[PDB]
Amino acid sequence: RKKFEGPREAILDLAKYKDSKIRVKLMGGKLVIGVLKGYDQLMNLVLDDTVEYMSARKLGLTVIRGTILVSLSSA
């Protein structure tokens, strides 16, 4: 039985989820939803109509830094 090795596990996936709302949680204890417009390799990403749950507020186009991102899921 083939012993797999480390595998862009989502980077191609970044392509897949575009144009749709997604859920992002960031270091610090703050998450945010919003339609994903653009994305890069380093996972930095652009989100429209961003809402920032804190522990909500509207915010327009934004760039979230993919060096602080923690988990990304669809909403």
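Residue numbers here begin at 1 and follow the sequence given.
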item	value
Unresolved deposited residues in the interval that joins residue 7 and residue 8	1 to 3
Residues with no coordinates between residue 55 and residue 56, taken from the deposited sequence as a class	10 or more
Higher-B stretch (mean Cα B-factor, as the entry records it), 23-31 or 45-53	45-53
Within-chain third of residue 14 by Cα B-factor, per the entry	middle
Position of residue 71 among the chain's modelled residues by C-alpha B-factor, lowest, middle or highest third	lowest
